[PDB]
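**Student:**
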Ligand SMILES: Nc1ncnc2c1ncn2[C@@H]1O[C@H](COP(=O)(O)OP(=O)(O)OP(=O)(O)O)[C@@H](O)[C@H]1O
Ligand SMILES: Nc1ncnc2c1ncn2[C@@H]1O[C@H](COP(=O)(O)OP(=O)(O)OP(=O)(O)O)[C@@H](O)[C@H]1O
Ligand SMILES: CC(C)(O)c1coc(S(=O)(=O)NC(=O)Nc2c3c(cc4c2CCC4)C=CC3)c1
Ligand SMILES: CC(C)(O)c1coc(S(=O)(=O)NC(=O)Nc2c3c(cc4c2CCC4)C=CC3)c1
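Chains as they are written, first to last, in the working numbering: chain A, 1 to 818; chain B, 1001 to 1818.
Right, dumping it as structure tokens:
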């Protein structure tokens, strides 16, 4: 007859019409989900809400879990609400799921015992839905869990009694684990929204999740928001222009919540006949401006509320009863005012409790508590409990505290912050940074990012510059405009930073990094810049190359990784080499800088006053052709001493060119990086001439080649020469056999210059090694690692090797295989 | 980063380079697996090592278990080692298995408790491989179990506590059972090598194995072995030729272990400047020649070693410690000499124990122990424990004892055998043969094969000829040249054998059997030769037919089975019939001897002095056309009395021809085998004429025809004739119905000649039987089986049948259906 499934879709469609889905909607108006602004979704390329659980391009395996992550206040909930509306309307997943259930984490009781009644409680008023029929069929139901990080009370991931069978009642935390792990109602599809910081407590439940990141609004959508928010286009234009002119506030407003806070304040200024001026620069300033603007016209009850918020955070309470309001002196006065204003809501979805409009607001209020004039009111305790899931990580409580603790304060609630208290806290906050800044560890506690966002908020020179003294090495990751804004601010004020590592995330290949590179080049302490494995295309390298020509750079070491740089960029690299007399080490490996790029690079390398000493051209798609220019550089330049060119196609016909010039008596080559070049015995006579002539050559790296016995014999003849000064010889994957052990024995016996000789996976067997063991006792000069890498020997050889280590202590490393 | 799988692949490639994979390699040289000689592999057509675990041509089912069987020293291990090398090199199963684990059974502790650490212990020195990750994934791993029959200690197949879950520890015997049965680490692939004798203790674990037999070297491969073994072509040629001239030693060298022991002894004769002469004829001769040659130059410690070997076999010990050597007086003298020579090895694969170079050698030493001058030194005990898995079956200990117990002994250790002891044993060995020879049973104890191999080794006329007196019937299976050599020798010396059955295995259709057939035809006791179901094509039949013409044959009965003989061979069969006046019974059924072949066969059958009495032409693709020649044979020959021609197409139009001549009053036909000929009622008037005319006809077999009531009625008219002498009438599948019961009742009532009348699956029902029950009481002459085959009746009929049996005792078999 009447199919509940249809009744449920009607319920969902009609229910989720409001954006907030809570009261105090500026006179209880309808905000309309029709105003939904599209979010930028990136998968780990863009992703849509459609096809989230579908198989991808290979193996054709299904997806059971998709997790949405991002910053707070970015519409994770709103995206879920749009999804529910589109599903109910029959436009989204209309051919995939029979039922869609939404479970908010805020309302979940973690410590109480219940059966899986979530499918009843989250749906229609009808107390008897067909749970035992179609609604229990696996794979036909889609669930969404909103706010994993908002789960209150104790929580654990490693629970024996997981609880399967939806019919049985168990603790709420346990029940959630079983559903997330797909042990309860298996094959069900589940969407989870969470802050990245809480992923560490979720990853154990997910096993193999699909990862989707939610990004903020683009400039195009920022304008759209104002025009949809303000019904009068003239107001939308004024509101948009005002904020657009404020680069910092505009950027922060990329976060939908910040945009909302700002738009609401401007609307109120309009209604009140005010100038609509707004000078906020920090996240704190946005929250302080909004709160004081709304209460100023109330303010008398700020204490009772801040105490409530602090008690709420400490005791893991988000949803409050009338008793909790009364216990803080909040009754029949400010509560009503708070509900009239966009500050608090009374939760009108057929329930009986009160709540803050946002968790960032509750944390903001708690932050204010610690500065006014009641769980503790001790910032030491606040900071110590930062690294905890149960307390909600307290990211904003502390970050707002940083911004709030200042001297440059005015009226509008900012005068209610006690001076002595703020001063005592300021000192504690700086010490906190020192302790965490020195902790180079990966965890939920600050990852050397949050410390900088906190310092950005506390935009004061004395405090900020002192904090920077605890960051001699900075390792950070930038994904948006606000991150670069914070990074540039913080690094600009660093006078004691020696090295910086910058990770770049989908924002790349553009001028977006100019605002940071421009700053780095003016640093008087930065020596090493690490840009490894960042997709910065030629345009990114060009911006860097422009900044690397600044006379005040002081940068001595520049490292690149799998950036995909093209041969074209060698034009700009050469321009840097020709004028930057400070650069010593330049690693251009793992790029597409083919023979042409090298031809151009060599222009800078041969340039007068070019002081580059170490050059890595490893894995640069090079052939033997480039050896003509590289050989010219080594001969021409007095500064090049280290050259690595392996993982290319510089075979015997190529190295012969390098050798012709490398052998020059005036050659300054110290390390010859002929690793994976595919060399054989043919060029070994050329190497012999180099080793016996160039007395500055101390290290050979010949791993990856196929020299054979003939090749090593020819090299030995060179190494046996009186004028050979080679100290380190690496012979691992050189395809040598036991037949050459006689030449290696001769080398060990007669060589005087070698200090390290490492033999790797060669077919020397027991004969070669046993022979060496005896030879090495005959007044040998070899004191370093013998090699023996990836080898298996018999008992007697193993005994001889261990014996050698004990009988001749001057040999530091025999390196037995095990 | 670094994948263990790759590190392991490297380990396996570097490890398995030697053939022996043990020391004492003639100066510790490298034998090189590169010298591997291809083995002949036959599946139960040739098979390759590739695709062993793949599905075949139907059902597309996977193979989890593959079992390799063959002679001791046939290269089961070396094949396994080559497999590992080819896999590690990425040429064999490179796209099927990620890991390959080799577990030797010799090193397995059956009685101790352990987890499945075999995946750690069998690999590289690294103590912490990723067992809990990729290495525990089912179906991605191939295991090889080498030497099931070498498992020491107690063992059982029917164990409740099989032990699943690789993480849990249990007894080694139990652990192996679970892995073999695929209960532990299920869906894994396992290759098992074992001696055929031990299959009986493995079959319970395998359930549904793929069977591959390993055969020895061909003549061409033997040449290659010598030319690869001896680096000097001149020496390889002289060495090969020496052996080629020795037919018996040459034949034995089909086993890699035999060609090895022969080549090794010769190499030493070469180095020592000797004549290189070798006169060995038996396996024992080769083993003692080798051992004595090596020790003669030592011999003083033969006692202590033989005692050790005997103690080892008795107490199930293969791997010995220094304590076991010392306890037998073996210390700092001969042990070193034994390790220098190819006799003993000290197991140098990072271990601490000693072992015999070959298991057949350890058993050889034990065999000598019993003859010298300490577990027992009682041959009675040795022989009694032959039929035991735990003791290793003791096949060679006893077989070598047979060869060693002789009078024709010389120096070179053969003089260390005590005369009195050998004489006492010789008597016990002969009695042992008597006891086992009379035991016509299938088991691990001698299957009437090993007894003959033992007698071959003991090549002495008195002992051997006496042994033959216990084999009046010989049933043997020959698969190789050495089997024919032994069979020929043994049967040649049989003076009291009445019948011989020969199974021929892939060796067929060739002259390979000539060496045996030539001997059988000279036997003065052999009467019956059974060659059933052997693929001996016309060439095989021709060789037989040549030997069947020998005047001393004395063969009276020759039986053929599904041999696939062609009509062409009837020419040679006829040649035998025309001159062999002794042959009485010739069964040519289940062949392709169609009408043409019969036309030719009939030439011999009609030949003067052809005494063949019983001829079977059943299932010979015959039609009614052949009846013209068969009828001529029956009329022409005075000797043919029994003719079976069913399972052909000799329908009514055919039998009418046979009847025209069979009815002749001078006809000597006694049994008319017209079974499955497709006859009906039409020819029954012709059969009637035969019955009433030929008084020598006593048996009719009409099963398979479709006569109906009319057909049997017509036969009854013949049977009711005063001159009909038929005694036995078989009427089973004749398609008769209840309507004929009155003619059968008339037949029973009036027939005087019948003694047996068997009615089978005819629709006679309860009425027919009830009628017969009463008729049979009226002074009936029917005393034999009434039939009632595949019939079902009601209560009253059953009662009448049982009553009949009791009331009229002269009726031997009522044959109630149940
Ligand atoms: N795509 C969007 N279109 C319009 N408004 C949006 C959008 N995304 C976010 N917002 C704004 O976000 C505010 C609601 O904040 P919200 O409840 O989503 O914070 P939240 O982080 O999702 O809560 P939670 O942590 O439980 O998921 C509303 O003012 C709404 O207008
Ligand atoms: N295909 C082959 N090519 C070369 N030599 C072979 C080959 N097969 C066997 N051999 C010889 O086998 C000898 C080693 O004896 P082996 O260990 O194989 O006896 P085994 O019966 O396999 O031991 P196990 O009973 O444990 O399997 C070596 O001398 C080797 O030359
Ligand atoms: C990208 C990164 C640094 O790695 C990260 C991952 O997760 C986090 S977060 O949990 O601390 N979220 C936030 O800070 N949001 C947030 C921010 C600002 C202002 C507001 C909010 C919330 C509404 C007001 C200013 C930029 C960050 C940060
Ligand atoms: C196939 C059959 C006949 O059914 C069978 C009966 O017994 C067995 S066996 O498993 O015990 N193997 C052996 O005897 N090998 C073996 C043989 C010879 C010489 C030697 C060996 C071992 C090295 C020296 C001569 C032929 C058999 C198999």
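Just so it is clear, CB atoms sit at the ideal spot from N, CA and C, and this is done for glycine as well.
1. Can you give me the C-alpha to C-alpha distance between residue 86 (chain A) and residue 361 (chain A), rounded to a whole angstrom?
2. Quick one: which residues of the stretch 1005–1026 of chain B get their C-beta closer than 9 angstroms to a C-beta of chain A? List them in chain order.
3. At 8 angstroms on the CB atoms, spell out the chain A contacts of residue 1590 (chain B), in chain order.
4. 9 angstroms is my cut-off, CB to CB: does residue 818 (chain A) come that close to chain B?
5. How about residue 281 (chain A) and residue 321 (chain A): do their beta carbons lie closer than 9 angstroms?
6. Could you have a look at residue 1065 (chain B) and say whether DSSP puts it in helix, strand or coil?
7. Rounding to the nearest angstrom, what Cα-Cα distance links residue 1258 (chain B) and residue 1441 (chain B) in this structure?
8. Checking 9 angstroms against the spacing of the C-beta atoms, do residue 1357 (chain B) and residue 1071 (chain B) come in under that value?
9. May I ask you to report which of helix, strand or coil DSSP gives residue 1484 (chain B)?
10. Taking DSSP as the reference, what is the three-state secondary structure of residue 1392 (chain B)?
11. Going by CA-CA distance only, name the one from A:155, A:763 and A:690 that's closest to residue 700 (chain A).
12. Report yes or no: is there a C-beta of chain B within less than 9 angstroms of the C-beta of residue 792 (chain A)?
13. Which stretch, first to last residue, makes up the alpha helix (DSSP H) that contains residue 287 (chain A)?
14. What separation, rounded to the nearest whole angstrom, lies between the Cα atoms of residue 418 (chain A) and residue 252 (chain A)?
15. Look at the Cβ atom of residue 1776 (chain B), then the Cβ atom of residue 1758 (chain B), and state whether they are nearer than 9 angstroms.
16. Whose Cβ in chain B lies nearer than 7 angstroms to the Cβ of residue 795 (chain A)?
17. Anything in chain A within Cβ reach of residue 1126 (chain B), meaning under 8 angstroms, just list it in chain order.
18. Assuming residue 1527 (chain B) and residue 1499 (chain B) make a contact with CB atoms under 8 angstroms, what is their CB distance in whole Å?
19. Residue 1201 (chain B) and residue 1271 (chain B): beta carbons closer than 9 angstroms?
20. Can you list, in chain order, the residues of its chain with a C-beta nearer than 6 angstroms to that of residue 1015 (chain B)? Leave out the 5 residues immediately preceding and following it.
21. So that I know if they touch, is there some Cβ in chain B lying closer than 9 angstroms to that of residue 312 (chain A)?
22. Which of helix, strand or coil does DSSP assign to residue 1642 (chain B)?
23. Which complete beta strand (DSSP E) runs does the stretch 1689–1717 of chain B hold, if anything under 3 residues is left out?
24. Are the CB atoms of residue 1563 (chain B) and residue 1534 (chain B) within a distance shorter than 9 angstroms?
25. Starting from residue 571 (chain A), trace the beta strand (DSSP E) both ways and give me its first and last residue.
26. For residue 1267 (chain B) versus residue 1032 (chain B), is the C-beta distance shorter than 9 angstroms?
27. Taking Cβ to Cβ, would you say residue 760 (chain A) is nearer than 9 angstroms to residue 731 (chain A)?
28. Taking all protein chains shown into account, decide if residue 667 (chain A) is buried (16 or more other Cβ within 10 angstroms of its Cβ) or exposed.
29. How far does the alpha helix (DSSP H) with residue 1178 (chain B) in it extend, from its first residue to its last?
30. So if DSSP puts residue 1559 (chain B) in a beta bridge, which residue, or which two residues, is it bridged to?
31. So, helix, strand or coil for residue 160 (chain A), using DSSP?
32. Taking 8 angstroms as the threshold, find out whether the stretch 65–83 of chain A comes into contact with the stretch 112–127 of chain A through three or more Cβ pairs.
33. Within the same chain, show all residues whose beta-carbon is closer than 6 angstroms to that of residue 1508 (chain B), passing over the 5 residues directly before and after it, in chain order.
34. My assumption, with CB atoms under 8 angstroms, is that residue 1147 (chain B) sits in contact with residue 1104 (chain B). Please give the rounded CB distance.
35. Which residues share a DSSP beta bridge with residue 1787 (chain B)?
36. List the endpoints of the continuous alpha helix (DSSP H) containing residue 1237 (chain B).
**Tutor:** Once the coordinates are examined:
1. Distance between the alpha carbons of residue 86 (chain A) and residue 361 (chain A): 30 angstroms.
2. Residues of the stretch 1005–1026 of chain B whose Cβ lies closer than 9 angstroms to any Cβ of chain A, in chain order: 1007, 1010, 1011, 1014, 1015, 1017 and 1023.
3. Those within 8 angstroms of residue 1590 (chain B) in chain A number zero; the least Cβ separation is about 54 angstroms.
4. Yes, residue 818 (chain A) counts as interfacial toward chain B.
5. Taking 9 angstroms as the Cβ cut-off, residue 281 (chain A) and residue 321 (chain A) do not qualify as a contacting pair.
6. Note: residue 1065 (chain B) maps to strand in three-state DSSP.
7. Cα-Cα distance, rounded: 31 angstroms.
8. Against a cut-off of 9 angstroms, the Cβ pair of residue 1071 (chain B) and residue 1357 (chain B) comes out as no contact.
9. Shown here, residue 1484 (chain B) sits in a helix according to DSSP, grouped into three states.
10. If DSSP states are grouped into helix, strand and coil, residue 1392 (chain B) belongs with coil.
11. Taking only the C-alpha atoms, the option nearest residue 700 (chain A) is A:690.
12. Yes, residue 792 (chain A) counts as interfacial toward chain B.
13. Counting along the chain, residue 287 (chain A) sits inside the alpha helix (DSSP H) bounded by residues 283–295.
14. Approximately 28 angstroms between the Cα atoms of the pair.
15. With a cutoff of 9 angstroms on beta-carbon distance, residue 1776 (chain B) and residue 1758 (chain B) are scored as not near each other.
16. Residues of chain B passing the Cβ test: 1348 and 1350.
17. Result: 818.
18. The Cβ separation is near 6 angstroms, so the contact holds.
19. At least 9 angstroms separates the beta-carbon of residue 1201 (chain B) from that of residue 1271 (chain B).
20. Taken in chain order, the list of residues that qualify is empty.
21. No - not a single Cβ of chain B is within 9 angstroms of the one on residue 312 (chain A).
22. Here residue 1642 (chain B) sits in strand by DSSP.
23. Unbroken beta strand (DSSP E) runs of no fewer than 3 residues, entirely contained in the stretch 1689–1717 of chain B, are found at 1699–1701, following chain order.
24. Yes, these two residues count as a Cβ contact at 9 angstroms.
25. Careful: residue 571 (chain A) lies outside any beta strand (DSSP E), inside the alpha helix (DSSP H) at 570–577.
26. No, Cβ-Cβ distance for residue 1267 (chain B) and residue 1032 (chain B) is not below 9 angstroms.
27. A Cβ-Cβ contact shorter than 9 angstroms links residue 760 (chain A) with residue 731 (chain A).
28. Counting Cβ neighbours within 10 Å, residue 667 (chain A) comes out buried, since at least 16 surround it.
29. Segment 1172–1180, the alpha helix (DSSP H) holding residue 1178 (chain B).
30. Partner(s): B:1530 and B:1587.
31. It is coil, neither helix nor strand.
32. By the criterion of at least three beta-carbon pairs nearer than 8 angstroms, the stretch 65–83 of chain A is not in contact with the stretch 112–127 of chain A.
33. If we look at residue 1508 (chain B) and ignore the five residues flanking it on each side, its Cβ neighbours are 1535 and 1536.
34. Taking the Cβ atoms as the reference, residue 1147 (chain B) lies roughly 7 angstroms from residue 1104 (chain B), within the contact range of under 8 angstroms.
35. According to DSSP, residue 1787 (chain B) bridges with B:1759.
36. From DSSP, the alpha helix (DSSP H) with residue 1237 (chain B) extends over 1233–1244.
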